[PDB]
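Take a look at the structure below.
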Amino acid sequence: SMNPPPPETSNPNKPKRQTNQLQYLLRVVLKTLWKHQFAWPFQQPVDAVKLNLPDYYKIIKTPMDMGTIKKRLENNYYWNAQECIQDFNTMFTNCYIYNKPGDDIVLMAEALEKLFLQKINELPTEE
Ligand SMILES: O=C1CCCN1c1cccc(NS(=O)(=O)c2cc(Br)ccc2Br)c1
Numbered sequence: 042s043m044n045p046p047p048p049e050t051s052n053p054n055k056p057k058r059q060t061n062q063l064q065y066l067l068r069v070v071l072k073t074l075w076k077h078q079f080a081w082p083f084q085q086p087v088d089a090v091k092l093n094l095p096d097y098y099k100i101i102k103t104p105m106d107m108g109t110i111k112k113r114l115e116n117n118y119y120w121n122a123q124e125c126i127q128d129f130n131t132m133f134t135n136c137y138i139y140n141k142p143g144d145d146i147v148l149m150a151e152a153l154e155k156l157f158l159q160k161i162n163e164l165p166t167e168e
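The sequence shown begins at 42 in the entry's author numbering and counts up by one.
Written out as structure tokens, the structure reads:
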């Protein structure tokens, strides 16, 4: 039933960088998905209490959301692009794991993920 602490967005002893790929992940990828009409369910951690989903964090053991990704990018939390790409993929995968095909939230994730794929196809070469 209860919500877990959200994923961390700050960790001072975690090494981090600001690469051109991570800049693109913020300025292009996150920005594109964030403004989308279907972004809102994904702009913050799942509130299992308010949404009345008491089994959500029994099923989903690696939660992720764009609110978290946004703060991680703004805070330069990542070492490399792959870490951030993995967070997006975790977010999408969690949605598909928890819900059933054709649910509204799945259609919404599919729309965002199509755009995600189109943008990472154009990920720049590093440096
Ligand atoms: O799986 C995820 C990841 C992000 C939110 N989420 C999720 C899954 C199941 C229900 C809800 N509750 S909700 O946000 O009010 C909702 C949203 C939409 Br769109 C359609 C119906 C409902 Br009910 C949320």
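Positions of the beta carbon are idealized from the N, C-alpha and C atoms, including for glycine.
*Mind reading off the beta-carbon distance from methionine 107 to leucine 74? Whole number of angstroms is fine, and I expect it under 8 angstroms.*
Position 66 of the sequence shown, counting from 1, holds the residue named residue 107. Position 33 of the sequence shown, counting from 1, holds the residue named residue 74. At roughly 6 angstroms, the Cβ-Cβ gap stays under 8 angstroms, so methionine 107 and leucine 74 are in contact.
*Does at least one heavy atom of ligand 1 sit under 6 angstroms from the Cβ of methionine 105?*
Here residue 105 corresponds to residue number 64 of the sequence shown, with the count starting at 1. Flag unset: Cβ of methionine 105 not near ligand 1.
*Is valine 87 near ligand 1, going by C-beta to nearest heavy atom under 6 angstroms?*
For this step, residue 87 is matched to residue 46 along the sequence shown. Because some heavy atom of ligand 1 lies under 6 angstroms away, the Cβ of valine 87 counts as near it: yes.
*At a cut-off of 6 angstroms, is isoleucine 110 close to ligand 1 when judged by its beta-carbon and the heavy atoms of the ligand?*
The count along the sequence shown starts at 1 and reaches residue 110 at position 69. Checking the Cβ of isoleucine 110 against ligand 1 gives no.
_Give me, in chain order, the residues of the same chain whose beta-carbon lies closer than 6 angstroms to that of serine 42; leave out the 5 immediate sequence neighbours on both sides._
Here residue 42 is taken as the residue at index 1 of the sequence shown, counted from 1. The answer, listed in chain order, is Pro95.
*Taking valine 147 as the reference, which of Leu158, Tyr119, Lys160, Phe133 has the closest Cα?*
As a working mapping, residue 147 is identified with position 106 in the sequence shown. Among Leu158, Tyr119, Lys160, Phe133, the Cα nearest to that of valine 147 is on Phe133.
*Any 3 or more C-beta pairs closer than 8 angstroms across the segment 108-126 and the segment 52-61*: yes
*By how many angstroms is the C-alpha of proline 48 removed from the C-alpha of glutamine 85?*
Residue mapping note: residue 85 aligns to position 44 of the sequence shown, counting from 1. Residue mapping note: residue 48 aligns to position 7 of the sequence shown, counting from 1. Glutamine 85 and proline 48: Cα-Cα distance of roughly 11 angstroms.
*If we call anything under 7 angstroms between Cβ atoms a contact, is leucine 164 one with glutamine 64?*
Here the question's residue 164 lines up with position 123 in the sequence shown. Here the question's residue 64 lines up with position 23 in the sequence shown. No.
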